[PDB]
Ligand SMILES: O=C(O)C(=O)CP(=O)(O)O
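Shown below, as structure tokens, is a lone chain in the form solved without phosphonopyruvate; questions about how it binds or moves come after it.
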């Protein structure tokens, strides 16, 4: 199975597909090794790893090359965060094929306007979604529409009307996001979702909602961990930099770290040893 089929196969089969965030290939590799179904090429995480606000500051090609870098590193499907398409349907049409070519198996686009109506018009986004499905070469590539209506405070009625409108435009799945610190809003949506396609959750704000709780929701097809990679990294590097400057060295801290040999193994040293062995003459 190609990555696109692996992904599509998970959606059609009914399992719950788990996707972990990743701001670089090594991190994506570790997620693969930890057993997630796929990687999340988060715009937030990458812009965070660059110390820049997540407001379309990072160049679009910066995200694209990172996606290329990751897809060529892992064997599991990659879902790319392309925000709002970098423009209108025209931009979407030229963009999507580049992501598909970088190796992503799906892309996520939201109906928010660019730049900071909080959202674009329904018919306008339907058009941006149709442009996406048309632009793709392999029918397996998944296109996920992201409804930001709840975040907007437009209401549940409008959120479902958008999700349904997007589904009719050709969206393969719907990512519905919620602000509330309680997963009441999200659940309410799931329960009333009438559309035929799978839903996507990014339960970052309501960490009380487990995979078991989401698996219980037949309508949710994918779960996405949106920013734990960068958070895990920040928390640990920060603490280790504090210990080094408090201890005035790395005599106490070295022991608690992965060894250098472990980093070389994650770099793909084995593959390199075979190459050197059979071709370096």
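Residue numbers count along the first chain shown, from 1.
What comes next is about the form deposited with phosphonopyruvate bound, which does not appear here.
The candidate site formed by 8, 105 and 170 is entirely out of contact with phosphonopyruvate in the deposited complex, as no residue has a non-hydrogen atom within 4.5 angstroms of it.
Looking at residue 213, you'd find every heavy atom of it more than 4.5 angstroms from phosphonopyruvate in the deposited complex. Taking the partner from elsewhere, residue 81 is found to have a heavy atom lying within 4.5 Å of phosphonopyruvate in the deposited complex. Contact annotation for residue 37: none of its heavy atoms lies within 4.5 Å of phosphonopyruvate in the deposited complex. When contacts are judged by a 4.5 Å heavy atom cut-off, residue 177 counts as touching phosphonopyruvate in the deposited complex. The stretch in contact with phosphonopyruvate in the deposited complex, judged by heavy atoms within 4.5 Å, is 41 to 49, chosen from 214 to 222, 229 to 237, 41 to 49, 244 to 252.
Within 4.5 angstroms of phosphonopyruvate in the deposited complex, the stretch 146 to 169 places a non-hydrogen atom from 146 alone.
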